[PDB]
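Let's start with one chain on its own, the form deposited in one PDB entry, as structure tokens.
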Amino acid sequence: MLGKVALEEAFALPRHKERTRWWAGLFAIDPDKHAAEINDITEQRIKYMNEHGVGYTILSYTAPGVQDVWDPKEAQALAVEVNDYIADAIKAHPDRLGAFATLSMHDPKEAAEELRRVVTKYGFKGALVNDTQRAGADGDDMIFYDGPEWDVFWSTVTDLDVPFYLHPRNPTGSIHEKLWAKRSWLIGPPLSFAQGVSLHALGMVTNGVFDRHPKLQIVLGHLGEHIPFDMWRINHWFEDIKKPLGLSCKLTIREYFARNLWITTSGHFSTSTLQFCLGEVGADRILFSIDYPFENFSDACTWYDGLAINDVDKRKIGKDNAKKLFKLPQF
């Protein structure tokens, strides 16, 4: 299928030679090739899109990115730097590349302000944030976005009417030491990433973010970070036990997945898991994505192009869902 849209596509600042090497050392077998591809915006990246039937990709800042910076001023400075950099880096290819906002999430008002700046000034398609914001004097704290103090931020997101992509980040500090350091090969795609995002996303659900912000659209990669596997189980325990006991979210987990949540196929090129999600989530709420350069185009697009499923859903998941959600023009 031609004209596919992908939206979990990363880039790194070229000056961060060491940080890119460190992250590559955890998640890529060819650090040099990885660095070249995660730094490149318009050369190899578009060549890959042209070979593999991708018409448009929305770019986002590499993880852990700004969420790893626990000094508020330093984090804000990096976010502004990244936003200006990518807006300028993509400007010559408005029909092939868009961008998500990079944000410091230390302060709701500041984050809302920066999102508004780059959405209005640059036409950014939304925000992509790498899970909780590292905070505290030594970076051992975590900022979740499901508390009431974030209403001012979510109100800006819905005012702009753009989606928010809740991307994983690596575990750090005391949490890392107590749970992951002794089983470190599980860090990232294998397990740690999904546990972080699903905890955060279900916090937004049960702490009422989608009740206070009904128009809010949150996107999850990797076919929903475990959640669809337990859709029956979560629904059963929410509706039959936890809600009778005090849980006060207004809707069912299935209603939130029909109105507020999206999942993408990033780094999860599983025909098996996709069919299952056609039932549990539905083709109307599933988006193609790659997770480039951590995943390569050939893996993602060889798989998708070969999918033997009905033409309607292949078109919706491949591009038409994203066209509608991100208000994309002809690209």
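Sequential numbering from 1, following the sequence displayed. Throughout, rigid core stands for the largest set of C-alpha atoms superposing within 1.5 Å between the two forms.
Below, we refer to the form deposited in another entry, which is not included among the displayed structures.
To test your reading of the superposition: with the rigid core aligned, which of 250, 178, 109, 121 moves its Cα by 2 angstroms or more between the shown form and the other one?
With the rigid core superposed, the residue that stands out is 178.
Once you line up the core, how about residue 190: does its CA shift reach 2 Å between the shown form and the other one?
Passes the 2 Å threshold, so yes.
Tell me whether residue 19 is among the residues that move between the shown form and the other one (Cα shift of 2 angstroms or more, core superposed).
The answer is yes; the displacement is at least 2 Å.
Residue 169 and residue 178, C-alpha gap in the other entry relative to this structure (3 Å or more)
Distance between the C-alphas of residue 178 and residue 169: shorter in the other entry, by 3 Å or more.
Looking in the other entry, are the Cα atoms of residue 57 and residue 190 closer together or farther apart than here, the change being 3 Å or more?
Compared with the form shown here, the C-alpha atoms of residue 57 and residue 190 sit closer together in the other entry, by 3 Å or more.
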